[PDB]
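Form deposited in one PDB entry, single chain, as structure tokens, below.
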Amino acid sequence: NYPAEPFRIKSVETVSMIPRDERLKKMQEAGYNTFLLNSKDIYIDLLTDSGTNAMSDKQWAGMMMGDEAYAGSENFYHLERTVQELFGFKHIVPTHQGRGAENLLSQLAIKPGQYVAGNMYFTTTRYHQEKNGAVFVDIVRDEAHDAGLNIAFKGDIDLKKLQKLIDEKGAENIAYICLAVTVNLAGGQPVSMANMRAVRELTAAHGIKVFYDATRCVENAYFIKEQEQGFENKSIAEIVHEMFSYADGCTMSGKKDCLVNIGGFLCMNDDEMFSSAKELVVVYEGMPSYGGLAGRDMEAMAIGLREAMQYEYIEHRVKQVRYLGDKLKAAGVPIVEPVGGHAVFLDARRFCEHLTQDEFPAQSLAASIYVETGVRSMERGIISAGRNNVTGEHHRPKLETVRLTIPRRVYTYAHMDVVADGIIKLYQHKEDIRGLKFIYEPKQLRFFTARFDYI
């Protein structure tokens, strides 16, 4: 079953329906790198679900009532009481987006030499942990690394790996547990309430802190309601509130599940850490009452978080992504499984099994997708993995994928059909997809500006 949009269109965004031949010229001018494409040349932009969401009429009304005061903004107080109500944390500090909050948390909670353990990782989160002296330990369940394994709650932490780490390193040497919901690197996989309670109860017995990377906690809450026995009678808001009752705080990118284009925040329960966070936020972000956000954006984020609690909205969000995955899977197109909350990942290694990884099959598949459909997707393979600057060799990730990342409330099922039909047509002649070679490679951030040509 795939539900209809639980909203109607209030206003539309103009696009340039350029045809295939012109799309080819734009792709060549971008050096076959979708990251170099101009937004104005893209019909359906699936590069990321971060900050690309459509706001409601209620959020736009709030955008007209920005109290832009430097301190004491009414919009901040609205955001504060909303996050306190919905997440249950005692103290909240806004940040301009998620990695601003991660910067704060990692400076507050890590002493050099300590360990941070998590259910896999995200690039910015792990960078700020390591930059502040932590050693990262992956404690995710082993199944999360099987990209073809179709099982529920793949994001769960292995309690046995967590126990092993405590025994071998010592509780006092573990800064915190970093539990992400959902788990982006596994394809957007959810974590169960049962895992969140087990982790809280093991860490509490040792005095270890747990902080959530809550960026897609609402998709996570939908999976819990859909699939975890005993949550059929719970509202999304009830599930979210219980999720965060097992954490000491969180970092949040409002740009994802708060249904906004900018914004985030840091939560915690400890008064002392909150006092230190306020001393630090002014260094990087702004006042504790705006944190690098305009008043109107705190207001949009406060309204959006509350909108995200509506069951019909989050059900349709997740099931629209699932519609895309299901349609591709039905035509035999290889994808990471299960489909996550926010994106479908094509297995470009299997899609283009006639190409070696050094020929960048995901980069090339993403270029072909745009040419055939006007859809932009993200390369998440060897190119994004970067080059080892010491040895000069590629970082070679096991996962060679193209990410079809779905912004919230922006596209329809007909847009999902544009995407799927185009990919399926490409799959039926997949042997024709050509490999790519560098013609320009920057020394760093190569996924952002590298240019290619066909082999």
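For every residue, the number given is its place in the sequence shown, counted from 1. Definition used throughout: the rigid core is the maximal C-alpha set that superposes within 1.5 Å between two forms.
When the other compared entries with both flanking residues are checked, residue 412 is modelled in all of them, not unmodelled in a third. Residue-level annotation: residue 53 has coordinates in all of the other entries compared, counting only those that model residues on either side of it, so it never reaches the one-third mark. Relative to its counterpart among 76-84 and 200-208, 200-208 has the higher mean temperature factor, C-alpha atoms as listed in the PDB entry. Once the C-alpha B-factors are averaged per stretch, 428-436 and 8-16 rank with 428-436 first. The residue among 115, 311, 290, 370 whose C-alpha carries the highest B-factor in the deposited model is 115.
Of the candidates 262, 134, 181, 303, the one whose C-alpha carries the top B factor in the deposited record is 134. The deposited CA B-factor of residue 67 belongs to the lowest third of values across its chain. Annotation for residue 145: CA B-factor lies in the highest third of the chain's modelled residues. Among the modelled residues of its chain, residue 40 has a C-alpha B-factor that falls in the middle third according to the deposited record.
Annotation for residue 408: C-alpha temperature factor in the lowest third relative to the rest of the modelled chain, per the entry. Per the deposited record, the Cα B-factor of residue 389 falls in the highest third when ranked against the other modelled residues of its chain.
Below: the form deposited in another entry, not depicted.
Per-residue Cα shift between the shown form and the other one after core alignment stays below 2 Å for all of 140, 302, 321, 382 except 382. Residue 49 is not among the residues whose C-alpha shifts by 2 Å or more between the shown form and the other one once the rigid core is aligned; its shift stays under 2 Å. When the rigid core is held fixed, the Cα atom of residue 399 travels 2 angstroms or more between the shown form and the other one. The Cα-Cα distance between residue 384 and residue 116 is shortened by 3 Å or more in that other deposited form relative to the form shown here. Panel note: the distance between the CA atoms of residue 384 and residue 122 is smaller in that other deposited form than in this form, the difference being 3 Å or more.
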